[PDB]
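J.: first piece of the complex, coordinates kept as in the full assembly:
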Amino acid sequence: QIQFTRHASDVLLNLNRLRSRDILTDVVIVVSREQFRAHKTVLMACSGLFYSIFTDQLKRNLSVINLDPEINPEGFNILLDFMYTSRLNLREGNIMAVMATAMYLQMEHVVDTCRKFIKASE
């Protein structure tokens, strides 16, 4: 069929615009003292943890999810921006936190990219 090569990226951009305007967000993720509003569909599409949560009968209808308090909010922020943008901002000062947060969120390609960053920088 006719393939629109920019369509998926344009969809994601528009989803990120909805998130910035707080339109149809349906969950708050709490990470220590920081709160992040998001769309469950995007979280589920991007994360094994969120897919498991929002397919679990006991948890799927929650509108507030408290993540492990040991997770670094900056690590989560970097990963949530990645979910909505395809762009992953890695630095020596954040790599360990992003990698551990990606393991927790079950984002395997992000973890592999973090390993590649360690290989390139250690």
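T.: Received, thanks. Numbering: from 1, shown residues only, chains lettered A, B, ... in the order given.
J.: next one: phi and psi at the residue nearest the centre of chain A?
T.: Using Cα atoms, centre = their mean, the residue of chain A that lies closest to the mean C-alpha position is residue A:80, 3.3 Å off. For residue A:80, the backbone dihedrals (degrees, to the nearest 10) come out as phi -70, psi -40.
J.: ok, for it, nearest residue in space, not its chain neighbours?
T.: residue A:36 (5.7 Å; Cβ to Cβ, 6 or more residues apart in numbering). Just so you know, the C-beta spots here come from the backbone N, C-alpha and C atoms, and that holds for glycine as well.
J.: now that neighbour: phi and psi?
T.: phi -130, psi 120.
J.: was I right about it contacting residue A:29?
T.: Yes - contact criterion Cβ atoms under 8 Å: residue A:36 and residue A:29 qualify, at 4.5 Å.
J.: also put chain B on there:
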Amino acid sequence: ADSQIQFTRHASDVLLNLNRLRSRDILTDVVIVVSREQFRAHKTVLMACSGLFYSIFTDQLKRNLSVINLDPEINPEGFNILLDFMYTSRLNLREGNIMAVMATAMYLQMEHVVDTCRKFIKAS
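T.: Chain B now in position relative to the chains above:
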């Protein structure tokens, strides 16, 4: 010591997973009614892909509606082609459907689809 990494497959992988959720009726939040067919979807995806749906659901008086009735003169098969396009990036244009898809894309305010329809006509 620093790197800004673009994941070139990420957006298409997100969209595939959204289509998987729709196919299982997970987190769908609206039924679009088009003449003799009902279609379930995610409002966020509809808004992301169509000027009409963007305008409808940005309106706070319509944002939380669970059923939207479209103009009854819209061809439901044209709509289904466009809904599948929204969730897949693939558009099935054929001589037997081009006029219906084009007219539906005008109504949904999907300009790059409309333009692709015009290119199809030009090449027919």
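J.: how about stretch A:108-122 and chain B, touching?
T.: Yes - counting by Cβ under 8 Å from any Cβ of the partner chain, chain B is contacted by stretch A:108-122 at A:109, A:113, A:117, A:120-121.
J.: ok, which stretches of chain A are helices?
T.: Assigned by DSSP state H, chain A shows helices spanning A:7-20, A:40-46, A:48-54, A:73-85, A:95-105, A:108-121.
J.: ranking those helices by burial, who's on top?
T.: helix A:40-46 (a mean of 24; mean count of other Cβ atoms under 10 Å in any protein chain shown).
J.: give me the residues contacting that one.
T.: A:15, A:19, A:26-27, A:29, A:50-51, A:54-55, A:82-84, A:107, B:13-14, B:17-18, B:21, B:26-27, B:42, B:44-45 (Cβ atoms under 8 Å, 6 or more residues apart in numbering or on different chains).
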